[PDB]
Every structure is written in structure tokens, then in C-alpha cells.
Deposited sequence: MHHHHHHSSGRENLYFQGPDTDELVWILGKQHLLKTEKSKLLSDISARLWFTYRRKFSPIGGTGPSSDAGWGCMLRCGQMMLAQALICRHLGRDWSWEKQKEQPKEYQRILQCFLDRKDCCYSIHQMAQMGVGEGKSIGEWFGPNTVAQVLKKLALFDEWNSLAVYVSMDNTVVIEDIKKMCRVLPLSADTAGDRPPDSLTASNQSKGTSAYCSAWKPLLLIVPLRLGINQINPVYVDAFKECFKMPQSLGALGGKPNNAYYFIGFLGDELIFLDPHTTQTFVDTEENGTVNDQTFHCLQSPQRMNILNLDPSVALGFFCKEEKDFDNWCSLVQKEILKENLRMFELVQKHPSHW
């Protein structure tokens, strides 16, 4: 009994800290299928039920990065009455209306640019590219988004992406959303990658992972033993819009159900790991952890290199 549980870089004891575990999971922003929103593109869907689940999981990963950026990993929506202004502003980016930058509308529209019709389910690499492009429109957050190719993360490319020239004749660092799409096996996850996969969830920078079969996408946030813990978008809820006072009710955006688990060995092999590095020191620390916990394996789950691989 009382196994150690990991959720997004934070540890909880199963029995003695069950309440802390549960509140940490319910404090994450939860995005499910919605219905009765304005038809996407005018004549498109008014509900993403049945097709939108990977977009929903992308939203949950991005929101977690945003929550951490402004409010920190230890923040919770239940611990105080007067919410920081940033919370409501973050949440409202994900409302189901075209004028919100990370809405189902904008994500589905951006998918078209990746050659996916509005209404198509698509996998983790595609949603990673969708997130990268949508971030270009968010001046408030002004995120760098790095999506690895060929299982390889390049240090110098990231630093170039994140370092911003001084305005006046100090270099700033753009907070980094780092996504690593991976294929962990042909049909099932190869046991050789299990420990390294688990290690990812133990890193303070961890935003978990995107995964699942087509039309069964889940947002994986941690693990206990050989089971992954995930948030599930497969509940259709009515569109919730802002009130007259400019705020939106957050009730339906937090999951208070019993946490859901699945065996890692049942997970579809196509995943995308997510990490958030607020400052250069965070990315440097992430590199150290990867070097220690990931690169030590003979069959490496992904690669971390200093210089951009030179092409023939």
C-alpha cells in the first residue's frame, strides 16, 4: 500500500496523501467535447463530440503550460477566493468561440493548414504543429514552441528560438513549450522504453503526454506502478460562455471524478511528450535530467544533441 504517485513532476503518497493527489488532479484545467457552440466556419460542426478529442488533449497540455507560466505548478483554484487575473485570462483562451486564440474553432481551422479537413481526428504530431502555429497569434504569452523531428531535440536550435534580442542598444528568454512526438513501438509500446517514459513524468518541467488510438485521445498526466493516470475529454458538455461581468464559470473545466488509469502496455505507441521551461535555467536543468535519466539507456527513447545535425 501507499505507493508513490507522480503527477506532472510532483509526487504524492497514495494512501497518506490521497486527498493531495486528488486535489492536484482536479486543479488541472479539463477540456472535454462541447456542444451548441457556433458552427465552425459557419456551416461546420457545432459540436466536436466524436472527432475533437486530440484537440481537447492539446488544449489541456497547453493550458497546463500557461498555468505554470503565470501562476506556478503549486497553484490551485480551490485554495483561495480571489483568483489572480491571469487564471481567468488563461481559461478564456480555450472557450469555444472563433475569437479565442486556442478555441476548438481556431485549432480545427489551423488543422486545415496541415491538410486536415475540419472535423478530422489527427494524431500528436499534427496537433503539436497546430499548437506551434496558434502560439504565433498569442502576444500576451509570447511562447516559443519547439516540436522535435526524428526523435531528436537540438539544444542550439532551442536557444536560438528562445533568446530574444534586447529592445534598446539584456537578452530575454521566451518561455518554452517543448513537444517531442515519438513512436514507441510498431503495435504496442516496447518494454525497453517504459522506464524512460515514466522518468519524463518525474521531471519538474513535465507537461505529461498526448496519446491514444484514433478517436480515443487522452491527456496523460502521471503514473502509479505500471498504470498511467490521464484526463479524459470523452464527455460532451454544453458550451459555456463568459458572463456579463467578463468572467466565465470554471465548474465544468475541472475534473472531480475518480482519476482514471490504464496499463502503459495498452497505450498506443504514438505519443508526444510535453515539457515547459519558463527560463533558460529551466531548459538547462531539463537537459541535465534527460542526460541522466534518458540518454543512459542503450535503446534511447529520444536524443538530445548540442548542435543542429549537419546535412549532407
For this session: Could you name the stretches of the deposited sequence that have no C-alpha atoms in this structure?
Result: 1 to 20, 190 to 212
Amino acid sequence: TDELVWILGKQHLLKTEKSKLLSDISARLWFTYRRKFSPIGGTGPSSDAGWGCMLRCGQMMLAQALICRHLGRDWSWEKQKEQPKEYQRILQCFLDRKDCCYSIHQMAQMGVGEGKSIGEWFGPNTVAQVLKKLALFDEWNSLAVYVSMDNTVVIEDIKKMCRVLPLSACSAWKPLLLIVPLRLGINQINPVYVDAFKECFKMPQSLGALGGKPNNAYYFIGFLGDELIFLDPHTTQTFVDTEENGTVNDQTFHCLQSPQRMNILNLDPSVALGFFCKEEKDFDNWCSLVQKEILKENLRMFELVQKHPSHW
From here on, numbers count along this sequence of modelled residues.
Problem set entry | Stretch with the higher entry mean CA B-factor, where the candidates are 93 to 101 and 79 to 87 | 79 to 87
For this session: Going by the average Cα B-factor in the PDB entry, point out whether 119 to 127 or 70 to 78 comes out higher.
Result: 70 to 78
Seminar exercise, completed: Comparing C-alpha B-factors across 209, 217, 229, 162 in this entry, the winner is 162
Exercise. Within this chain, which third does the Cα B-factor at residue 143 fall in: lowest, middle or highest?
Worked result: highest
Seminar exercise, completed: By the entry's values, the third containing the CA B factor of residue 156 is the highest
For this session: Comparing against every modelled residue in the chain, figure out the third that the C-alpha B-factor of residue 174 lands in (lowest, middle or highest).
Result: highest
Exercise. Residue 266: which third of its chain by C-alpha temperature factor?
Worked result: highest
Exercise. By the record's CA B-factor, is residue 167 among the lowest, middle or highest third of residues in the chain?
Worked result: highest
